[PDB]
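Heads up: the structure comes next, in structure tokens.
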Amino acid sequence: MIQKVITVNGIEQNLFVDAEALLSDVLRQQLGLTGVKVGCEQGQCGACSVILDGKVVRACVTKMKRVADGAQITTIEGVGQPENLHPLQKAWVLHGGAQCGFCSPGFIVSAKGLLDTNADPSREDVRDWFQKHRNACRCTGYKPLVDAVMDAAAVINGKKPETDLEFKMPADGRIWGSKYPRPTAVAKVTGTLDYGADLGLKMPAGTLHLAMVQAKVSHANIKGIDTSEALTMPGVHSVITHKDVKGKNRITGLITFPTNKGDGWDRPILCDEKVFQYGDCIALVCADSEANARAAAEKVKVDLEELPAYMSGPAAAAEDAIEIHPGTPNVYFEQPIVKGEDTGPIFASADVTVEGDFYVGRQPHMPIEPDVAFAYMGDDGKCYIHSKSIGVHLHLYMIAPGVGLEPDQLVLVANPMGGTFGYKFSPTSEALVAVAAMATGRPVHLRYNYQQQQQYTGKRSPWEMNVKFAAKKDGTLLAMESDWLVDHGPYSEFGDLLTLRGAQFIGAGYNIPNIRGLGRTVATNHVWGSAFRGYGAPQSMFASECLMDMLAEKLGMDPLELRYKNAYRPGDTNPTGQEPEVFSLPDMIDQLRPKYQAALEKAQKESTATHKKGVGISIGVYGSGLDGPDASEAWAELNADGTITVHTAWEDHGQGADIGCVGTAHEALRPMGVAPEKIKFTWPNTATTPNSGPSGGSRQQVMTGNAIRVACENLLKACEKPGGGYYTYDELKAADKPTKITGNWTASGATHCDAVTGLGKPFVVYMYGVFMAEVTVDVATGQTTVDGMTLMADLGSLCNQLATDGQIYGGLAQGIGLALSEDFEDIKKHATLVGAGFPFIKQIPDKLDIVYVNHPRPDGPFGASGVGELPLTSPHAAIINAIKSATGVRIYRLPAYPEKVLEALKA
Ligand code: FES
Ligand code: FES
Ligand SMILES: [Cl-]
Ligand SMILES: [Cl-]
Ligand SMILES: [Cl-]
Ligand SMILES: [Mg+2]
Ligand SMILES: [Mg+2]
Ligand SMILES: [Mg+2]
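As numbered in this note's numbering, residues 3 to 909 make up the sequence shown, in order.
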């Protein structure tokens, strides 16, 4: 041990440390500076950026021996605090740079390091700096972060007043449609929002820290578990196995389709008889710290009989393949799509037909924050789980039978969280922590490291797809045929539903009167499928939007004009036979056309012998809602102090559940003149908030937005004075009148898609868009650079522009990763951010352009649709279409790795 007297955030610290300790651990654990965020723990994400003697370093890879006596350290806490914000923090709030906020302290500290060395940076300088310092963001697409640094620099340089970094009310008084900052932004930019790992550090002594004993093979029969050595190890309390589970020890898929060949109870909580994928949790070590638990977990011995593993859909789906779940065939679900007339004869007599085989893979969500949760037994005897769940009520019912509790005896709460992008539509650690809290009776906390986040949370499910179009010479689509195989890994939850998305979205955007297709779901031993933003559309529309360009090529027609010819217009129906609710695609295409023409001409002009430029188009469509007559509930409450609490379980991945609530409520409450700062939101809690439903299917703005609207409308009526005006709280209480008022809303017109035909009206609101990608391909290396992305977006009406701009930029960036670099195929190699192709800032163009072409939705609140998943529906198709435009080669199987592109170029 050594004494180190240094200065941290301007204050002398008399530090006592191990020379080998990591600065991140010292700052967080010894000094309580939890504003230093830790994600990857491998120097790759920049979340733990601190300033050490004028240099920006990653604290997670900086040992204390590198900190000199008398060193100066600055963390986010030293940059600024609430009510003492630095211009960088004010700028972040104003520009909406804090979505999940997990990367915000690191970016801001890093940015301070930049401005202290280069006071007047170009945008390019800012981007170079964040690239060098590895500052990673998965939510924002980086553009808002650069915007914030530039605005801050102008103020610091005296070129602009600081008051200009503060939001100015539109004087309208209207915050709906505005750039009003989100309520949580100040906490996020000051590092004073506690995420799950921060909470763990602030839990009492006596809290047990958990480590997972995980399978190190993909498939096995388990013969036994020996915990003997683990029990003798430092700090170890106990080891938990399936024997300690008080219920079924299975998670239920809950809404498993009746035509599913499996019962939906396939997923264990702790493995008992079998390992189904690499990483499966077999036991939990409980110890006095994460470190001691992890050390002891290494010594737990599992005796198993390894079985041959099926590591792809085609492999598991072979007629001969052995059943992974004995008694259920590996191909456990099929969804037909049968619209209009038989397609065979139509293909035979059509002027032109095209066909392609396409693949989209096992995309990893890669939030900067790895999975974390905790549980305890309340004094009330209930078991409480606090996690990254984005569907607290959904997960309660998925896990309660498995853990052995009635619904009344379990409470799920959503912690502030550093992004999910859908992986948290699935339970991950909730049943694990519940089992441990129940068994020990103690508080328990479980933090996944980044390798566990990669290997042992769900993934976008790979689809092998064959799609065909028949059309007339003039481009009019006549028929489509489709076949898709969905590799869902071993656990069935929502696999059948994901397969149904193929019937709804392959070929979406166009009038296609005649469709014959079949989707199949197959269990494998690769990572289990959990929703990934777009959920079936990124696969489906990659195929159909690539195939549209192939059809255009074969016709000798411009690909934008072929889309224009076929795009939804009144009288048309979508693939499930339903009439679209608005018709915005022709409008969007017409508005994009000259920008597209200009982009083509720039590409031809700027292409060289070695660097070929191209332009690519695609359309995106997706539902806002869960299938059928989805519903939500909210309570609007007038409080004693004149503030109003809008109670919902709108789960915040980081997308903006707080601002969605506040902006929708503000608009609804306008008759009563309620200032936005007086409107409070509620963190999701199954005990004390209504069942608003999960934050999945880009549904909350529509479903919960409408419920909030209804609740606020009803509160207005509850407050109305006879004669005009409104009662105050004190008046209503003195009159013994209610002050907490319920609102409910249901998507009444929606119906579930039929199990035989796939036809139905699954959503009453959809999101529509048109993408344009501009790219440069180095033909010597096969490397593609995306130089610009454009999204024409119809969101009906914007609740908040900071929220919607950021959503689109974030989805576009994920689209660049899906197109060019991302996968989870190799269990080890893809278990790091850099290994799995995470897009760092230079991979995302500074030019991310949005054009809103909003057609108010009949059923959306104030006409709004959702936005969440729109920007990831097909941007990767536009990019691949742009590569084809540039070079003449088509990549059918994502991602377009340089070597793959070179092989295609040289073929
Ligand atoms: S770089 Fe330190 S946590 Fe990622
Ligand atoms: S706001 Fe950057 S990772 Fe979420
Ligand atoms: Cl998906
Ligand atoms: Cl390919
Ligand atoms: Cl490569
Ligand atoms: Mg100041
Ligand atoms: Mg027609
Ligand atoms: Mg090769």
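The C-beta atom is built at its ideal place from N, Cα and C for all residues, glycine as well.
Problem - Host beta strand (DSSP E) of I882 (start-end) - result: Locating residue 882 in the sequence shown gives position 880, counting from the first residue. Segment 877 to 889 is the alpha helix (DSSP H) holding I882; no beta strand (DSSP E) there.
Practice task
With hydrogens ignored, establish whether the beta-carbon of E901 is closer than 8 Å to any heavy atom of ligand 5.
Solution key: Position 899 of the sequence shown holds residue 901. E901 Cβ: within cutoff of ligand 5.
Handout entry: Beta carbon of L210 nearer than 9 Å to that of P445
Key = By one-based count along the sequence shown, residue 210 stands at place 208. By one-based count along the sequence shown, residue 445 stands at place 443. Contact: yes.
Problem - Alpha carbon of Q702 to alpha carbon of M769, nearest angstrom - result: The residue labelled residue 702 in the question sits at position 700 within the sequence shown. The residue labelled residue 769 in the question sits at position 767 within the sequence shown. In this model, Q702 and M769 are separated by some 13 Å (Cα to Cα).
Exercise for the section: Report the three-state DSSP secondary structure of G521 (helix, strand or coil). Expected result: As a position in the sequence shown, residue 521 is number 519, starting the count at 1. DSSP places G521 in strand when its eight states are reduced to three.
Problem - Span of the beta strand (DSSP E) around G790 - result: For the purposes of this step, residue 790 is identified with residue 788 of the sequence shown, where counting begins at 1. Run containing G790: 786 to 796, per the beta strand (DSSP E) assignment.
Handout entry: Simplified DSSP assignment, three categories, for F427
Key = Residue numbering aside, residue 427 sits at position 425 when the sequence shown is read from its first letter. Residue state for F427 is assigned as helix, using DSSP reduced to three classes.
Practice task
Taking 9 Å as the cut-off, decide whether the C-beta atoms of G698 and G424 are in contact.
Solution key: The count along the sequence shown starts at 1 and reaches residue 698 at position 696. The count along the sequence shown starts at 1 and reaches residue 424 at position 422. Yes, the Cβ-Cβ distance between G698 and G424 is below 9 Å.
Practice task
With DSSP as the reference, label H367 as helix, strand or coil.
Solution key: Start at 1 with the first residue of the sequence shown, and residue 367 comes out as number 365. DSSP places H367 in the coil class of the three-state scheme, outside both helix and strand.
Practice task
Report back the beta-carbon spacing between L520 and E336 to the nearest angstrom; my notes put them in contact at under 8 Å.
Solution key: Counting from 1 along the sequence shown, the entry for residue 520 is found at position 518. Counting from 1 along the sequence shown, the entry for residue 336 is found at position 334. Their Cβ separation, rounded to whole angstroms, is 6 Å, which keeps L520 and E336 in contact under 8 Å.
Handout entry: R176 versus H832 - alpha carbon distance
Key = Stepping through the sequence shown from its first residue, residue 176 is reached at position 174. Stepping through the sequence shown from its first residue, residue 832 is reached at position 830. Here the C-alpha atom of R176 lies approximately 47 Å from the C-alpha atom of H832.
Problem - Contact check, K682 vs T741, beta carbons under 9 Å - result: One-based indexing of the sequence shown puts residue 682 at position 680. One-based indexing of the sequence shown puts residue 741 at position 739. No, Cβ-Cβ distance for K682 and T741 is not below 9 Å.
Exercise for the section: From the DSSP output, in three-state form, read off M774 for me. Expected result: As a first step, residue 774 must be located in the sequence shown, where it is residue number 772. Reduced to three states, the DSSP call for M774 is strand.
Practice task
Can you grab the Cα-Cα spacing for the pair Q365 / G108, in whole Å?
Solution key: Looking up residue 365 in the sequence shown gives position 363. Looking up residue 108 in the sequence shown gives position 106. Per the coordinates, the alpha-carbon of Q365 lies some 25 Å from the alpha-carbon of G108.
Practice task
With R125 as the anchor, note down where its alpha helix (DSSP H) starts and where it stops.
Solution key: Taking the first residue of the sequence shown as 1, we reach residue 125 at position 123. First-last of the alpha helix (DSSP H) with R125: 125 to 134.
Handout entry: According to DSSP, residues forming a beta bridge with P270
Key = Locating residue 270 in the sequence shown gives position 268, counting from the first residue. Its beta-bridge partners are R252.
Problem - Close Cβ partners of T254 (< 6 Å) along its chain, the five nearest in sequence each way excluded - result: As a position in the sequence shown, residue 254 is number 252, starting the count at 1. Contacts found: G266, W267, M400.
Practice task
Return the first residue and the last residue of the beta strand (DSSP E) that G745 is part of.
Solution key: Walking along the sequence shown from the start, residue 745 turns up at place 743. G745 -> beta strand (DSSP E) spans 742 to 748.
Problem - Beta-carbon proximity of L562 to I514, cut-off 9 Å - result: Numbered from 1 along the sequence shown, position 560 holds the residue referred to as residue 562. Numbered from 1 along the sequence shown, position 512 holds the residue referred to as residue 514. Their beta carbons are not under 9 Å apart, which means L562 does not touch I514 by this criterion.
Exercise for the section: Give a yes or no on whether the C-beta atoms belonging to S876 and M543 are separated by under 9 Å. Expected result: The residue given as residue 876 occupies position 874 in the sequence shown. The residue given as residue 543 occupies position 541 in the sequence shown. Yes, the Cβ-Cβ distance between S876 and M543 is below 9 Å.
Exercise for the section: Can you tell me which of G622, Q216, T786 puts its alpha carbon nearest to the alpha carbon of residue 940? Expected result: No answer is possible for residue 940: the residues shown for the chain start at 3 and end at 909.
Problem - 9 Å Cβ cutoff met for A505 and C755 - result: Counted from its first residue, the sequence shown places residue 505 at position 503. Counted from its first residue, the sequence shown places residue 755 at position 753. The answer is yes: Cβ separation under 9 Å.
Handout entry: Cβ neighbours of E164 in the same chain (closer than 8 Å, five flanking residues each side left out)
Key = Mapped onto the sequence shown, residue 164 falls at position 162. The residues are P89, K92, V157.
Problem - As assigned by DSSP and simplified to three states, the class of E325 - result: Counting from one through the sequence shown, the residue named residue 325 turns up at place 323. Of the three classes helix, strand and coil, the one that applies to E325 here is coil, per DSSP.
Handout entry: DSSP-derived helix/strand/coil call for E307
Key = Within the sequence shown, residue 307 is the residue found at index 305, counting from 1. Reduced to three states, the DSSP call for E307 is strand.
Handout entry: Backbone CA spacing between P572 and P860 [nearest angstrom]
Key = Here residue 572 refers to the residue found at position 570 when the sequence shown is read from its first residue. Here residue 860 refers to the residue found at position 858 when the sequence shown is read from its first residue. Approximately 15 Å, taken between the alpha carbons.
Exercise for the section: Verify the contact flag: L904, CB atom, against every heavy atom of ligand 8, threshold strictly below 8 Å. Expected result: Counting from one through the sequence shown, the residue named residue 904 turns up at place 902. True, at least one ligand heavy atom lies under 8 Å from that Cβ.
Problem - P369 beta carbon near ligand 2 (any heavy atom closer than 8 Å) - result: Mapped onto the sequence shown, residue 369 falls at position 367. Checking the Cβ of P369 against ligand 2 gives yes.
Handout entry: Nearest candidate by alpha-carbon position, reference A659, set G707, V617, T142
Key = The residue given as residue 659 occupies position 657 in the sequence shown. Of all alpha-carbon atoms in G707, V617, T142, the one lying nearest the alpha-carbon of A659 is that of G707.
Exercise for the section: Could you tell me whether any non-hydrogen atom of ligand 7 is closer than 8 Å to the CB of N513? Expected result: Start at 1 with the first residue of the sequence shown, and residue 513 comes out as number 511. Answer for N513: yes, Cβ within range of ligand 7.
Handout entry: Outcome for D632 when other beta-carbon atoms lying within 10 angstroms are tallied against a minimum of 16
Key = For the purposes of this step, residue 632 is taken as residue 630 along the sequence shown, with counting starting at 1. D632 is buried by the Cβ-count criterion.
Practice task
Output the boundary residues of the beta strand (DSSP E) element that contains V853.
Solution key: In the sequence shown, residue 853 corresponds to position 851, counting from 1. From DSSP, the beta strand (DSSP E) with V853 extends over 850 to 854.
Problem - Whole-Å CB distance - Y570 paired with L549, under 8 Å assumed - result: As a first step, residue 570 is located in the sequence shown; it is residue number 568 there, counting from the start. As a first step, residue 549 is located in the sequence shown; it is residue number 547 there, counting from the start. Actually they are not in contact, since the Cβ atoms of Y570 and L549 sit about 18 Å apart, beyond 8 Å.
Exercise for the section: Name the two residues that bound the continuous alpha helix (DSSP H) containing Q803. Expected result: Position 801 of the sequence shown, counted from the first residue, corresponds to residue 803. In the DSSP assignment, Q803 falls within the unbroken alpha helix (DSSP H) covering 803 to 822.
Exercise for the section: Tell me, please, which residues DSSP counts as bridged to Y386. Expected result: Locating residue 386 in the sequence shown gives position 384, counting from the first residue. The partner list for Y386 (beta bridge, DSSP) reads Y378, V413.
Handout entry: Runs of alpha helix (DSSP H) wholly within the stretch 449 to 517 (minimum 4 residues, chain order)
Key = Qualifying alpha helix (DSSP H) stretches, in chain order: 452 to 457, 497 to 507.
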